[PDB]
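**Student:** Sending over a structure as structure tokens; questions will come in a sec.
Each answer follows from the model by the rule given with it, or from the source it names; these are not laboratory values. All Cβ positions, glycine included, derive from the backbone under ideal geometry; neighbour counts span all protein chains shown.
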Ligand SMILES: Cc1ncc(COP(=O)(O)O)c(CNC(C)C(=O)O)c1O
Ligand SMILES: Cc1ncc(COP(=O)(O)O)c(CNC(C)C(=O)O)c1O
Ligand SMILES: N[C@@H](CSS)C(=O)O
Ligand SMILES: [K+]
Ligand SMILES: [K+]
């Protein structure tokens with residue numbers, strides 16, 4: 001089902017997943033449908049609307065929520081932009097972000113701070129991978145003007161799964177000028193951790209389809225709890241965002257998540273993500289896949305512990321499929337990742353902390369892990 | 001090269017262009033390159049950046065401008081959203097729009113009005129298709145508080161080519177509170193009218209590749225004159241928008257137009273637009289192509305004039321490839337467009353004014369036009 005795995009040793013799912021054959025077939029079939037029946041026509045436009053609704057529904061079912069809470073986007077970042085630019089910020093309002101957030105997300109925050117006169121402070125979570133409590137660190141940083149906390153459910157740099165439920169309680173127990181809300185960056189978590197937003201109570205959860213879900217680059221989504229929808233004003237909008245009047249004029253915002261969708265998008269790619277989502281559910285439940293992912297990451301982590309010059313950041317088994325580690329060598333992590341790539345072994349360098357990250361998916365196997373171990377064994381001080 | 005033309009009679013280029021074989025080949029080849037070399041790796045990431053640079057450069061050459069003025073987007077609307085949300089609006093600032101702008105664009109202006117307390121009015125341009133002066137109408141509406149004028153270079157509803165140069169001069173000569181700037185919606189003009197931003201001076205020009213340029217749905221762009229760049233603050237941003245420091249931290253904005261680019265997009269589609277652009281230039285100059293488009297639209301227009309129950313909105317030959325008309329019939333224009341599609345003849349209904357629109361491209365032939373005319377003749381009072 002995943003042809004790209006065969007002639008390589010891939011551990012970069014968190015960067016982009018290997019596209020399954022059913023996804024490529026769906027993409028290709030959609031271009032064909034458009035060429036045959038349109039591309040612009042009553043038939044083609046109806047087929048596109050039906051496709052969009054099917055993908056919105058598939059995502060909704062994935063997270064066990066109502067389709068109205070789902071916005072389709074192009075990537076994780078756009079979901080964060082929609083939430084951050086849509087909040088009715090006031091001068092002096094404060095945003096707290098962990099010290100492990102993506103530089104792109106930090107950039108939106110700086111842009112917001114410049115535009116609305118809000119302020120932002122980081123709180124340290126990287127150091128809580130093996131000890132401490134990230135929820136308690138947050139409690140020690142909440143203030144009177146704190147309105148939004150931004151965190152990645154699964155940290156892209158260290159592989160820690162933040163204690164989201166406990167963190168939500170902490171924010172909800174806080175008595176301040178604002179009911180503290182939390183925007184979750186789910187780039188690594190969605191598609192690997194079992195996520196059920198009925199059971200787990202969240203405010204805003206941004207994700208993408210091109211990483212753990214193994215969809216094509218260019219399609220992602222955003223979840224907004226039904227009760228937080230009214231707090232998010234549309235910013236980037238267009239013809240997909242509105243309801244229409246008698247003369248084709250705008251009369252209001254489209255229902256639910258649609259108000260945040262803009263204009264023409266890569267429709268064939270939506271069919272690709274839908275097909276990939278369906279393939280995963282056929283393999284087993286999110287829970288079974290998650291256990292399989294952990295089985296592989298612990299196997300890799302154990303092997304790495306056995307190599308004398310490799311040092312895993314985590315001192316206990318990985319909580320998900322990310323395994324970060326350093327290598328004692330005169331070379332530097334960037335050179336080591338390049339040398340591994342020359343051997344068709346694919347990992348990624350992490351800037352902070354300075355280390356190397358491997359991603360194990362449920363489709364990763366022991367021979368791949370053992371091959372990675374074999375090649376790393378050669379680096380030394 | 002344009003396979004989709006066979007077995008249908010297509011006049012919806014303005015909605016979406018028929019994708020050329022070279023474009024589909026380039027899209028498929030890109031998925032293949034990503035499967036073979038990544039999809040996330042040093043090699044794959046470099047190849048994607050190179051592809052992005054090639055597309056930006058090709059767009060730059062298309063309009064005779066420096067690549068630094070080009071932003072890659074997903075559609076026409078996004079370009080307008082970048083310009084509109086990026087300007088530093090103050091209560092009472094005014095935006096003037098023609099009375100023929102797209103509903104999605106009007107909706108952005110409305111969201112802006114609500115958030116910054118700006119105001120907007122329409123100047124009547126529709127009525128200038130056959131008489132009057134749109135530039136003069138603009139002059140009589142220009143005021144001390146007008147900060148920006150939004151207009152479609154080629155009107156999507158009536159097919160009028162607005163006097164952009166004159167209208168630009170009108171705006172330059174004005175003496176008001178703000179130096180008056182003009183944002184152009186080039187959904188219909190780009191790819192049909194010969195456009196040179198070195199010989200034609202514009203401030204902002206939003207376009208897409210999926211209409212007259214015949215690229216895939218999902219890739220477009222925005223031109224911002226260098227003198228206007230600083231006035232546009234990045235709004236939706238992400239990892240593609242910034243430069244990086246030593247610990248991978250944001251250190252400023254990416255070069256030129258890159259700062260308004262967000263995050264992961266459908267890269268294979270970029271290869272598709274690049275290929276469609278290169279084909280579009282393989283077939284004569286923009287002028288030769290524009291003359292061909294007009295030879296086709298005048299032939300349809302003339303033909304429609306001969307049909308007793310059809311009435312073209314334009315009383316002189318169309319200035320571009322759009323030919324709008326009404327039909328005298330109890331059926332209504334939507335039923336007629338549906339019936340035409342039942343015969344694999346593809347046109348579209350326009351909501352204001354109530355009419356039908358046909359798009360003639362340089363690849364449209366007289367047999368297709370004669371076919372549409374034979375079937376249209378069947379309707380009557
Ligand atoms: C926490 C997190 N947020 C946001 C993103 C940006 O992805 P989009 O392009 O979908 O907005 C990533 C991607 N990470 C990568 C690439 C990685 O860690 O290898 C991420 O890990
Ligand atoms: C003037 C104008 N502006 C903006 C758009 C929206 O395009 P994007 O999806 O690329 O933002 C269109 C679309 N027209 C159509 C569909 C038509 O003429 O049939 C348009 O004609
Ligand atoms: N290439 C950078 C972009 S920051 S989202 C990275 O993925 O680390
Ligand atoms: K070790
Ligand atoms: K007539």
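**Student:** What number of residues in region B:164-205 are over 25 Å from residue B:292 (Cβ atoms) and touching a helix residue (DSSP H, G or I) at 6+ places or on another chain (Cβ under 7 Å)?
**Tutor:** In the first step, residues of region B:164-205 are kept if they are over 25 Å from residue B:292 (Cβ atoms); the result is B:166-183, B:201, B:203-204.
Imposing the further condition that a residue be touching a helix residue (DSSP H, G or I) at 6+ places or on another chain (Cβ under 7 Å) reduces the set to B:166-167, B:170, B:180-183, B:201, B:203-204.
Residues in region B:164-205 being over 25 Å from residue B:292 (Cβ atoms) and touching a helix residue (DSSP H, G or I) at 6+ places or on another chain (Cβ under 7 Å): 10 in total.
**Student:** For region A:341-357, give me each residue that is more than 15 Å from ligand 1 (Cβ to nearest atom) and crowded, with 20+ Cβ neighbours inside 10 Å.
**Tutor:** A:345
**Student:** Here is a follow-up. I need a count of the residues in region A:167-189 that are in a strand (DSSP E or B) and in contact (Cβ under 8 Å) with a residue 60 or more places away in the chain.
**Tutor:** 2
**Student:** Between B:72, B:18, B:27, which is assigned to a helix (DSSP H, G or I), crowded, with 19+ Cβ neighbours inside 10 Å and in contact with a helix residue (DSSP H, G or I) (Cβ under 8 Å, 6 or more places away or on another chain)?
**Tutor:** Criteria check complete, one pass: B:27.
**Student:** Here's another thing I want to ask about it. So, residue A:100, is that one more than 30 Å from residue A:267 (Cα to Cα) and within 15 Å of the chain's Cα centre (by Cα) or not?
**Tutor:** Yes.
**Student:** On to the next question. Restrict the check to region B:269-290 and report whether at least one residue is within 16 Å of ligand 1 (Cβ to nearest atom), within 30 Å of residue B:71 (Cα to Cα) and either in the same structural domain as residue B:30 (by CATH) or surrounded by fewer than 20 Cβ atoms within 10 Å (Cβ to Cβ) (or both).
**Tutor:** The answer is yes, given that some residue of region B:269-290 is within 16 Å of ligand 1 (Cβ to nearest atom), within 30 Å of residue B:71 (Cα to Cα) and either in the same structural domain as residue B:30 (by CATH) or surrounded by fewer than 20 Cβ atoms within 10 Å (Cβ to Cβ) (or both).
**Student:** Confirm whether residue B:338 is under 20 Å from the mean Cα position of the chain (by Cα) and either within 16 Å of ligand 3 (Cβ to nearest atom) or surrounded by 13 or more Cβ atoms within 10 Å (Cβ to Cβ) (or both). Even if it seems obvious, please write down each step before you answer.
**Tutor:** Numbers: under 20 Å from the mean Cα position of the chain (by Cα): no; either within 16 Å of ligand 3 (Cβ to nearest atom) or surrounded by 13 or more Cβ atoms within 10 Å (Cβ to Cβ) (or both): yes.
No.
**Student:** Does residue A:288 meet the test of being within 16 Å of ligand 3 (Cβ to nearest atom) and either more than 14 Å from chain B (Cβ to nearest Cβ) or in a helix (DSSP H, G or I) (or both)?
**Tutor:** no
**Student:** Still on this model: Quick one: is residue A:108 within 16 Å of ligand 3 (Cβ to nearest atom) and part of a helix (DSSP H, G or I)?
**Tutor:** So residue A:108 fits the description; yes.
**Student:** Can you tell me which residue among A:121, A:115 is assigned by CATH to the domain that holds residue A:223, surrounded by fewer than 22 Cβ atoms within 10 Å (Cβ to Cβ) and not in a helix (DSSP H, G or I)?
**Tutor:** A:121
**Student:** Got at least one residue in region B:36-59 being within 16 Å of the chain's Cα centre (by Cα), more than 8 Å from every other protein chain (Cβ to nearest Cβ) and in contact (Cβ under 8 Å) with a residue 12 or more places away in the chain? Steps first, answer last, please.
**Tutor:** Taking region B:36-59 and keeping what is within 16 Å of the chain's Cα centre (by Cα), we get B:59.
From what's left, more than 8 Å from every other protein chain (Cβ to nearest Cβ): B:59.
Those left that are additionally in contact (Cβ under 8 Å) with a residue 12 or more places away in the chain: B:59.
Yes: region B:36-59 contains one or more residues that are within 16 Å of the chain's Cα centre (by Cα), more than 8 Å from every other protein chain (Cβ to nearest Cβ) and in contact (Cβ under 8 Å) with a residue 12 or more places away in the chain.
**Student:** Return the residue satisfying two criteria in turn: it lies in region A:124-147 and is within 16 Å of ligand 1 (Cβ to nearest atom) and not in a helix (DSSP H, G or I), and of such residues it is surrounded by the fewest Cβ atoms within 10 Å (Cβ to Cβ).
**Tutor:** Selected residue: A:129.
**Student:** As an exercise: evaluate residue A:102 against (1) touching a helix residue (DSSP H, G or I) at 6+ places or on another chain (Cβ under 7 Å); (2) in the same structural domain as residue A:150 (by CATH) and give the number of the one condition it does not meet.
**Tutor:** Of (1) touching a helix residue (DSSP H, G or I) at 6+ places or on another chain (Cβ under 7 Å); (2) in the same structural domain as residue A:150 (by CATH), only one is false for residue A:102: (1).
**Student:** Suppose we keep only residues that are facing another protein chain (nearest Cβ under 8 Å) and either part of a helix (DSSP H, G or I) or within 13 Å of ligand 3 (Cβ to nearest atom) (or both) within region B:252-274. Which one would you say is nearest to residue B:79 (Cα to Cα)? Reasoning before the result, please.
**Tutor:** Taking region B:252-274 first, the residues facing another protein chain (nearest Cβ under 8 Å) are B:262-269.
Now drop any that are not either part of a helix (DSSP H, G or I) or within 13 Å of ligand 3 (Cβ to nearest atom) (or both), which leaves B:262-264, B:267-269.
Values: B:262: 13, B:263: 15, B:264: 17, B:267: 18, B:268: 21, B:269: 18 Å.
My answer is B:262.
**Student:** A follow-up question, please. With the checklist (1) touching a residue at least 24 places away in the same chain (Cβ under 8 Å); (2) within 12 Å of chain B (Cβ to nearest Cβ) in hand, flag the one item residue A:110 doesn't pass.
**Tutor:** All conditions are met except number (1).
**Student:** Report whether or not residue B:196 is surrounded by fewer than 24 Cβ atoms within 10 Å (Cβ to Cβ) and either at positive phi or in contact with a strand residue (DSSP E or B) (Cβ under 7 Å, 6 or more places away or on another chain) (or both).
**Tutor:** no
**Student:** Looking at residue A:157, is it under 22 Å from residue A:229 (Cα atoms) and assigned to a loop (DSSP other than H, G, I, E, B)? First the steps, then the outcome.
**Tutor:** Numbers: under 22 Å from residue A:229 (Cα atoms): no; assigned to a loop (DSSP other than H, G, I, E, B): yes.
Spelling it out, it is not the case that residue A:157 is under 22 Å from residue A:229 (Cα atoms) and assigned to a loop (DSSP other than H, G, I, E, B).
**Student:** Select from region B:301-328 the residues that are within 13 Å of ligand 5 (Cβ to nearest atom) and assigned to a loop (DSSP other than H, G, I, E, B) and write down the one among them that is farthest from the other protein chains (Cβ to nearest Cβ).
**Tutor:** Checked region B:301-328; the qualifying residue farthest from the other protein chains (Cβ to nearest Cβ) is B:308.
**Student:** For region B:233-280, what are the residues that are in contact (Cβ under 8 Å) with a residue 40 or more places away in the chain and farther than 25 Å from residue A:218 by Cβ?
**Tutor:** B:233, the sole residue that qualifies.
**Student:** Take region A:317-350 and flag every residue that is within 14 Å of ligand 4 (Cβ to nearest atom), closer than 21 Å to residue A:127 by Cα and touching a residue at least 40 places away in the same chain (Cβ under 8 Å).
**Tutor:** A:323, A:324, A:327, A:328, listed by residue number.
**Student:** How many of the residues making up region B:332-354 are more than 11 Å from chain A (Cβ to nearest Cβ) and either closer than 25 Å to residue B:213 by Cα or assigned to a loop (DSSP other than H, G, I, E, B) (or both)?
**Tutor:** 2
**Student:** Taking the conditions exactly as written (more than 14 Å from chain A (Cβ to nearest Cβ), surrounded by 20 or more Cβ atoms within 10 Å (Cβ to Cβ) and either away from ligand 4 (no atom under 16 Å from the Cβ) or under 29 Å from residue B:23 (Cα atoms) (or both)), does residue B:297 satisfy them or not? Spell out the reasoning first.
**Tutor:** Values: more than 14 Å from chain A (Cβ to nearest Cβ): yes; surrounded by 20 or more Cβ atoms within 10 Å (Cβ to Cβ): yes; either away from ligand 4 (no atom under 16 Å from the Cβ) or under 29 Å from residue B:23 (Cα atoms) (or both): yes.
Criteria met by residue B:297.
**Student:** For region A:302-323, give me each residue that is under 20 Å from residue A:153 (Cβ atoms) and either away from ligand 1 (no atom under 16 Å from the Cβ) or in the same structural domain as residue A:127 (by CATH) (or both).
**Tutor:** Hits for region A:302-323 are A:314, A:316, A:317.
**Student:** Could you go through region B:275-284 and let me know if any residue there is more than 16 Å from ligand 5 (Cβ to nearest atom) and within 14 Å of another protein chain (Cβ to nearest Cβ).
**Tutor:** Among the residues of region B:275-284, at least one is more than 16 Å from ligand 5 (Cβ to nearest atom) and within 14 Å of another protein chain (Cβ to nearest Cβ), which makes the answer yes.
**Student:** Only one residue in A:78, A:98, A:28, A:119 is at the interface with chain B (Cβ under 10 Å from one of its Cβ atoms) and within 30 Å of residue A:230 (Cβ to Cβ). Which one?
**Tutor:** So the residue among A:78, A:98, A:28, A:119 that is at the interface with chain B (Cβ under 10 Å from one of its Cβ atoms) and within 30 Å of residue A:230 (Cβ to Cβ) is A:78.
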